[PDB]
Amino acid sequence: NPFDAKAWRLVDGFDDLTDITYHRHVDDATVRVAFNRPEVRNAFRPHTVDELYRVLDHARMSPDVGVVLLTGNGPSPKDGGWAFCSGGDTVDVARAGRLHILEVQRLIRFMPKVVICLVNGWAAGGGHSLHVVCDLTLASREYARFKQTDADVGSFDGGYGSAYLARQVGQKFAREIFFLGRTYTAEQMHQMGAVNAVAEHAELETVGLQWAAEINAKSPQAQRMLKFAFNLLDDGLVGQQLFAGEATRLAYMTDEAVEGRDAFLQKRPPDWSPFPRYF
């Protein structure tokens, strides 16, 4: 099993979770968020999505977490098979039909932390789309299976799952993945450019933690700017908003800005003299 209990501690306040598990590493600034319905191939129901959203939002707001590992628990009790995520499982009509998984994609995209998907088995439909939006993907050599099946049922992910996949594997390969909906292995998707590295199944989370540790070893501020720099143009004004918001925060810390805030409350004319027009 990829899961090594000795590396993980439950996060306080999440005793009520049924469809997701959430652990913090014993030492490292890393959390493990996982689908916890292996008996149904880790398909998500609206309750799952609510919990996933809650847990990732909590991880986003934890100042002592730099890396989220997103994965699926397993294996299945009914068949021994392995799944990361196999996709989706008048007032209330509206609130039922929530596009909640889309809100979860944006939370992954926008959070100032590196999210690594660890693909431990089937990554199908909305599950495949979740792997696509994560910053990095590591995959199980033996059991990772990628398959974009949406169009078999007349559905499609016309957003991050398709258009952003073309910015990883190129337009020819991403069209093939969607138009034919074939099943690919970890090594096939690594060769195309959507999986970063392939790991032995039992060592997938071990590799995920080495990756997280190398990320957490660098300047957190730099890692934040880099993720938003990578999102920026592809995300248009939203991209610029997140990236400029981090630049605004940086500026606030400077002597110049401290001068400027001084002046306003003190009530005098700000003094820009000390601060050159850099070029």
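Note that residue numbering begins at 1 and tracks the sequence as displayed.
Asks: Counting only residues from the deposited sequence, how many are left out of the model between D89 and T90 (none, 1 to 3, 4 to 9, 10 or more)?
Replies: Missing residues, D89 to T90: 10 or more.
Asks: Higher average CA B factor in the deposited record is what I'm after, so tell me if that's 245-253 or 49-57.
Replies: According to the PDB entry, the answer is 245-253.
Asks: In the PDB record, does 145-153 or 112-120 carry the higher mean Cα temperature factor?
Replies: Averaging CA B-factors over each stretch, the winner is 145-153.
Asks: Can you tell me which of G208, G193, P77, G158 has the highest Cα temperature factor in the record?
Replies: Among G208, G193, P77, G158, the highest C-alpha B-factor in the entry belongs to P77.
Asks: Among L165, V93, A202, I177, where is the Cα temperature factor highest, going by the PDB entry?
Replies: Most elevated C-alpha B-factor of the set, per the entry: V93.
Asks: Could you look up the Cα B-factor of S62 in the entry and say which third of the chain it sits in: lowest, middle or highest?
Replies: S62: CA B-factor falls in the highest third of its chain.
Asks: By its CA B factor, does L138 count among the lowest, middle or highest third of the modelled residues in the chain?
Replies: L138: CA B-factor falls in the lowest third of its chain.
Asks: By its CA B factor, does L99 count among the lowest, middle or highest third of the modelled residues in the chain?
Replies: For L99, whose C-alpha B-factor we compare with every modelled residue in the chain, the answer is the highest third.
Asks: Would the CA B-factor of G81 place it in the lowest, middle or highest third of its chain?
Replies: Ranked within chain, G81 CA B lands in the highest tercile.
Asks: What third of its chain, lowest, middle or highest, does the C-alpha temperature factor of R32 fall into?
Replies: Answer is middle: the recorded C-alpha B-factor places it there.
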